[PDB]
Each structure stands twice: as C-alpha cells, then as structure tokens.
Amino acid sequence: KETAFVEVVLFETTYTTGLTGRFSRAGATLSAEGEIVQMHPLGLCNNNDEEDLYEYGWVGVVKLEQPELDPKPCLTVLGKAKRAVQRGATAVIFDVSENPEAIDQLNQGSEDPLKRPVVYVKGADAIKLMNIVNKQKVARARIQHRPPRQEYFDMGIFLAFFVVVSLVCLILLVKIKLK
Amino acid sequence: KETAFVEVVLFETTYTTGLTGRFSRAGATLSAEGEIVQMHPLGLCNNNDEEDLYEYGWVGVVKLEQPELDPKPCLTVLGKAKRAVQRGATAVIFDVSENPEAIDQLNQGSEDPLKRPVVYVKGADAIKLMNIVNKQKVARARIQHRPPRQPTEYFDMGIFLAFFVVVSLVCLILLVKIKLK
Amino acid sequence: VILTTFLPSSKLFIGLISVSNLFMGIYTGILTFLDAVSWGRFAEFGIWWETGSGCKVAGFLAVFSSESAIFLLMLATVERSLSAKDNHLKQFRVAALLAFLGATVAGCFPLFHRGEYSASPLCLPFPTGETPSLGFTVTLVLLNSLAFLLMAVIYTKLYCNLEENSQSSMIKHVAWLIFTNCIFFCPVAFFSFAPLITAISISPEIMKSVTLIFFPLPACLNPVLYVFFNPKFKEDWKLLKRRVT
Ligand SMILES: CC(C)CCC[C@@H](C)[C@H]1CC[C@H]2[C@@H]3CC=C4C[C@@H](O)CC[C@]4(C)[C@H]3CC[C@]12C
Ligand SMILES: CC(C)CCC[C@@H](C)[C@H]1CC[C@H]2[C@@H]3CC=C4C[C@@H](O)CC[C@]4(C)[C@H]3CC[C@]12C
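Residue numbers (the numbering used here), protein chains in the order written: chain U, 945 to 1123; chain Z, 4 to 184; chain S, 681 to 925.
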C-alpha cells in the first residue's frame, strides 16, 4: 500500500509530468527507470514458442481487462509480471482500474517475491497515464519511493507516558497525607 | 551526501555486480538508471556547437585526469555535469580517483543545485567499474537513493527515556542531604 | 501564593518569583491559544504572527520571565547566608527591584537589531540556531551559567555551618529551587549548542520539542510544591480565610 511516485519525461527540453500509484507486495519495492513499452494483456502468455525481444530495461504498462471477459486466462496476473521481467523488463506497471480483484491477486501471492518492482495504478490517475501512452511517441518513466521524516511523532509516546508516570505518583502523595 | 551503492547489470540471463560510491552536493540525490556510456573529460566541452547526440537517458562515466596535465581546462568539473545533463544524461559518475581536488570542486557547488544526481567513485572500488566499462560490450548502470535503511526516527526514540531516567534519579540523592539536616 | 504573601525578607522574595512563574504561564498560554485555534491551519497564521507585532512581544515576555527565574533566585542564597550569621529588610528590596528590572534591557536589546525574531514561530532568540544574533545567544547562556556557582557554594557551606529550628524549613526550600533549576534549564542549552559543533549533530525536531517542555517546566513546579512543603503556608492560608469568612 506504499505510495509510488511515477513520472514521465519527454525528450525533444524535457517536459515532466508526474502521477501517484501504489506499490504492490509482489516485487521487491525499489526504484527503477526505463522506457515506457505498452504491453497487451494477451501478449504476455507463455505457450508461445518464440517472440520478438526488446532491449533490456523497459517499464511495461499493462491495462487489465474485465475478469469475466477472459474465461480461461493463459497466465495469472502474477504470471504476467514474472513473464515480463524474464522478457527483459525492469518495472511492470499495471492498471487495475478495470479489474479491481488484481490487487488481491498480487498481495495474496507473497510466497515468492519478485526481484523487480510491480506497481498498480487505479482510479482516474491511470486515465492520465493512458492519455500519455496514447499520444506521445516516446516517453521515459521513473518510479521512486522516498518517504522522509516520520521525527517527533515517534518520541511523543516516550514524552507523554513519562508525564503520566510522574503525575500518578504525585497523586498518591496527596492522597496519603490527609489519611 | 550519503553513500551510493551503484550496481551494474550484464545481461545476455542477468549477472549483477555492485559497488559503493559517494553522492555529491552538485545535484539532488535521487535514484536513476540507464545504459552506461563513458564520456571523455575533453569530450564534454562547450565550444563545439555541433556534437553527436545520444538517446535520452544514460549514466555517463567520466574518468578524471590529473589537474596539472592540462594547462587550462575548458570548463569546471561542475560545468561538465551540467553540460552532460543537457546532452540527455540522467546521472554522471565522476571517477575522481586521480583528481582528489575534484571532490571539493563539486561540494562547493551548493550555490546552484542540479536537477539530476551526480556521483563520484574514488579509491580502488572504481577499478572494478573501469574494468566493466573496458571489457563488457554493453552494461546497464543502476543507482538508488539512500541504499541502506537508516532508522533516523526510530533509533532515537528510546534515547529520550534514558534521558528522563537521569532527571528522575538526580533528585533522589538530594533527599539524602535533607535527611542529614 | 501571591495573596498569602501580601514583612520577612524571606517571605517577600517568593511573591516576586510567583510573578515570574505567572509570566511564564502567560507565555505558554499564548502558544496554547495560538495552537488550539489553528486545527491543522497554522501556516495561514504563521506569516501574520512573525510579521505582525506579537512575535516581538511574546519573545520579550519569555526572556523577561526566564531571566527573572535566575535574578530573583540569586539573592535568596545571600539572604539565607546572612540569616545564619545572626536596617537590612528595607535595603534588600532595593536590590530586588533592580534585579527584577535589569532583564528588561537585556530582553529589549534584540529588538534593536533589524530582524531577529523572524526565524521561529516560538519567537525566541535561540531555537533558530546560532547564526541570528550570535553575540547574544552565547552571552545569555554564559550569564545563566555564571550565576549558578554563587548559589551553589553558599548552599554547600550552609550545611557544614550547621551542627533557628523554626527557620530550618526555608533553608531546604531555597536549596531545592536553586538545584532543580539547573536540572530543568542546564540540559536545555546543550541542544542549542549542538548545531554550532560539527562533531555532535541533533535533529531540529528534537530541539523544539525539548524546549517547549523544559523551558516552562522550571517555573511551573515551584508554586505547587510550595503548598505541600512549606509549613508556614498553612498558617498564611488560614489567616486570610477568616478575613473573608
Ligand atoms: C525513569 C522514571 C520512570 C523513574 C520514576 C521514579 C518515580 C516513580 C519516583 C522518583 C522519586 C520518587 C519519590 C521520592 C520521594 C517521595 C516522598 C515520600 O514521602 C513518598 C514517596 C515519594 C513521593 C517518591 C515516589 C516515587 C518517585 C516519584
Ligand atoms: C522527573 C521529573 C520530571 C519529576 C518532577 C517532580 C519531582 C522533582 C518531584 C516529584 C515527587 C517529589 C517529592 C515528593 C515528596 C517529597 C517529600 C518531602 O519531604 C521532601 C520532598 C520530596 C522528596 C519531593 C521531591 C521532588 C519530587 C521528587
């Protein structure tokens, strides 16, 4: 549920547009960068014998379709991400705005973590990402997670319980004097 | 200005070799990744109005030479990084193992921040990087911000309780002199 | 406390210290009011607080309350020392008013500098660090540090001097005040002296939190303990009960 900071860049002067998403507990959460390569959900199957290969390093965008549309999917959602990393991808970005159940499909499969980050972008934020993958000819995507600070909220419990400890003792001193 | 555990990738299969280097204050410390493309210290000049352009995104390795060799460098060390980012780089790895004074050159560039990270790798750890840039035909550099996890807001939490113990205890010995009076 | 006091030289000193305790409480209440109003919207009033006029008033009030907690206590040890040796009850108040009013010029001196308090919502001349008014922060801490030794050496000799049993209650009361003050204030300056030393580094989130709980604490516990630790307080409190009942 950790937020993902993903932005796109456009070489020409480089305009930069950013958006937010949520990391998923399927691949080791860390920063990555590469070119955006849209991948169709049906193109990431495994029964294919030989397929064309891309240059190593590319952030793949996969827009999931409705679960009822596909009665017998070739691979699981985690299988799609595992296939792409083998293909040469470095950070797979999903779009679960149409298949909400994929979030559970990813977070459930915590038994075998993946080596590279996996991100799902839902809501109207994926609409902007699709409007970029649809129009621009070349894009450059970086994903990062840099949560700073928290550093006073952590020591707040230590400071607060201490005053209660100090005051409860003073209560008994006043209680015992009059009795 | 913490360390930077830069790791290189040697694909076809994927073999990963990492090494450590120090971030610099020349540009904001972030995480970047691209194909490693060595440049030359004299190739990052500005008088050349027409130069070959590269694809956007590439971690440039610059092997710094001795400062006394060239009578008058064309641009400052922090100027080479700014020129390289214009060429479409995302990070620069200044091998400063031969020009030690270059570290101070970058660290004094806090007046004008740079949008992209700048790293310098010194010592014999840069020999491993140079051997990779020499032998392998194609590699991929990968640098990440704050590679370790520092519990900055977690290690100091219990220090306050120990600070309070001294305050709670220094008052007790005062009662001894009260009783003696 | 004030109504019970208003005469012995040892009795009139506590009333003036109670005034500084009330000043510190008024200062803390200012911050509490400015906090309770801004439920998550402090930044809207932040520029209005520093760039208005209250950032120079509250800071001066805090400085006046802080320095009174030392200047008023300094004379108590000399009073105790003179009490054990054997027209002085009217000459001690002459120095009392001078010590009380001496902190006004010290607090107003930063105001003459063109911009000192526009660096912290607390409007205090030391949470901002050491760059603003570097010649004032060091001197203020030095003034507090030098005064404690004179109070400590007199109390040290007071016990060795003894072997006025009714006057025994006051001797320990002054000792508690002069000792506990450096338990709540001396650790404060350590964090202020942290950013100016390369070897030791302290995060800013700790300095403000420590200041906000250790600056008003020393001028908050004395009146409460005065009720439960001074036997004369019982008679002083009972004296005024019949004057109204
Ligand atoms: C580090 C922290 C948790 C330590 C807290 C220590 C507390 C519990 C100790 C420190 C000083 C202690 C007090 C010292 C003296 C007296 C007076 C006596 O007539 C009744 C008990 C009483 C009032 C003690 C109660 C307990 C006390 C308040
Ligand atoms: C740790 C800090 C914050 C606690 C602040 C309050 C401390 C200083 C208070 C709390 C309880 C207090 C004690 C309560 C009762 C007595 C008994 C009396 O005959 C002498 C004073 C003495 C022994 C007090 C000394 C001061 C004391 C220890």
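Using N, Cα and C, we set each Cβ at its ideal position, and we do this for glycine too.
List, in chain order, every chain S residue whose beta-carbon is nearer than 8 Å to that of residue i.
i	result
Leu1103/U	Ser889 and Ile893
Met983/U	By Cβ distance, chain S contributes nothing, its closest Cβ being about 43 Å from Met983/U, past 8 Å.
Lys184/Z	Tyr839, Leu842, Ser848, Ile851 and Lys852
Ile106/Z	Result: empty, since nearest Cβ-Cβ is about 18 Å, beyond 8 Å.
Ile181/Z	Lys852
Kindly list, in the order they appear in chain U, the residues whose Cβ is closer than 8 Å to that of residue i.
i	result
residue 1/Z	Here chain Z covers residues 4 to 184 and nothing more, so residue 1/Z does not appear.
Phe8/Z	The premise fails here: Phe8/Z is roughly 11 Å from chain U at the closest Cβ pair, so nothing lies under 8 Å.
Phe167/Z	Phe1102 and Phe1106
From what residue to what residue does the beta strand (DSSP E) around residue i run?
i	result
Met887/S	That residue, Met887/S, is in no beta strand (DSSP E); its alpha helix (DSSP H) goes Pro884 to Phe894.
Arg28/Z	Element bounds for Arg28/Z: n/a, residue is neither H nor E.
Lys1007/U	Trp1002 to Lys1007
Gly978/U	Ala976 to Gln982
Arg143/Z	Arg143 to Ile146
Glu724/S	First-last for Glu724/S: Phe722 to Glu730, but that is the alpha helix (DSSP H), not the beta strand (DSSP E).
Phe14/Z	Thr6 to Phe14
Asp1069/U	Element bounds for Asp1069/U: not the beta strand (DSSP E) but the alpha helix (DSSP H), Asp1069 to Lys1079.
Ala879/S	From DSSP, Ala879/S is part of no beta strand (DSSP E); its letter is neither H nor E.
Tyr157/Z	Looking at the DSSP string, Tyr157/Z is not in any beta strand (DSSP E), and its letter there is neither H nor E.
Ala899/S	From DSSP, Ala899/S is part of no beta strand (DSSP E); its letter is neither H nor E.
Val1040/U	From DSSP, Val1040/U is part of no beta strand (DSSP E); its letter is neither H nor E.
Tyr123/Z	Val121 to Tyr123
List, in order along the chain, the chain U residues whose C-beta lies closer than 7 Å to that of residue i?
i	result
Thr155/Z	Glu1095
Taking residue i as part of the alpha helix (DSSP H), name the residues at either end of that continuous run.
i	result
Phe751/S	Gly734 to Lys765
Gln108/Z	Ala105 to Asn110
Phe166/Z	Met160 to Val173
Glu915/S	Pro911 to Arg922
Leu1022/U	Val1021 to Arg1031
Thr712/S	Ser689 to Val717
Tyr839/S	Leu814 to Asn841
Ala779/S	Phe772 to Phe792
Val681/S	That residue, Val681/S, is in no alpha helix (DSSP H); it is neither H nor E in DSSP.
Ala869/S	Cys866 to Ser872
Sorted by chain position, which residues of the same chain lie with C-beta nearer than 7 Å to residue i's C-beta, five sequence neighbours on each side aside?
i	result
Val1021/U	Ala1046, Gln1049 and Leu1050
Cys989/U	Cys1018 and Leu1019
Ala87/Z	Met42, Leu47, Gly63 and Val95
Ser745/S	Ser700, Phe703, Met704, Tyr707 and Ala899
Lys85/Z	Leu117
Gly1067/U	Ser1041
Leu769/S	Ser689
Check the Cβ of residue i against every Cβ in chain S and list those closer than 9 Å, keeping chain order.
i	result
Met1099/U	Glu885, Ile886 and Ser889
Among residues of its own chain, excluding the 5 on either side of residue i, which ones have a beta-carbon nearer than 8 Å to its beta-carbon?
i	result
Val717/S	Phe725
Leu838/S	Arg760, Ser761, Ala764, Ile851 and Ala855
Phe780/S	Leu696, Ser748, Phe751 and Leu752
Using a Cβ-Cβ cut-off of 6 Å (strictly less than) and excluding sequence neighbours within five positions of residue i, which residues of its own chain qualify?
i	result
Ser800/S	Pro807 and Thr808
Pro896/S	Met704 and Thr708
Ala7/Z	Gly24, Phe26, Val122 and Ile146
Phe955/U	none
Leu892/S	none
residue 185/Z	The structure shown does not extend to residue 185/Z, since chain Z spans only 4 to 184, so no value can be given for it.
So residue i contacts chain Z; which residues on that side make the cut at Cβ distance below 9 Å?
i	result
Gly978/U	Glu36, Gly37 and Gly60
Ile858/S	Under the 9 Å cutoff, chain Z gives no residues; its nearest Cβ is about 11 Å from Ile858/S.
Using the beta-carbon of each residue, which ones in chain Z are nearer than 8 Å to residue i?
i	result
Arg1084/U	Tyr59 and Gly60
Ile863/S	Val170, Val173 and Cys174
For residue i, which residues in chain Z fall below 7 Å Cβ to Cβ?
i	result
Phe955/U	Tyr59 and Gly91
Under 7 Å between beta-carbons, which chain S residues line up against residue i? List them in chain order, please.
i	result
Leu67/Z	Going along chain S, no residue has its Cβ under 7 Å from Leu67/Z, so there is no contact; the nearest lies around 28 Å.
Three or more C-beta pairs under 8 Å: does that hold for the segment 54-74 of chain Z against the segment 1096-1115 of chain U?
no
Counting beta carbon pairs with one atom in the segment 1062-1069 of chain U and one in the segment 962-971 of chain U, are three or more of them shorter than 8 Å?
yes
Counting beta carbon pairs with one atom in the segment 783-801 of chain S and one in the segment 812-823 of chain S, are three or more of them shorter than 8 Å?
yes
Could you check whether the segment 744-753 of chain S touches the segment 682-697 of chain S, counting it as contact only if at least three pairs of C-beta atoms, one from each stretch, sit closer than 8 Å?
yes
Is it the case that the segment 152-159 of chain Z contacts the segment 733-743 of chain S, given that we only count it when at least three CB pairs across the two stretches are under 8 Å?
no
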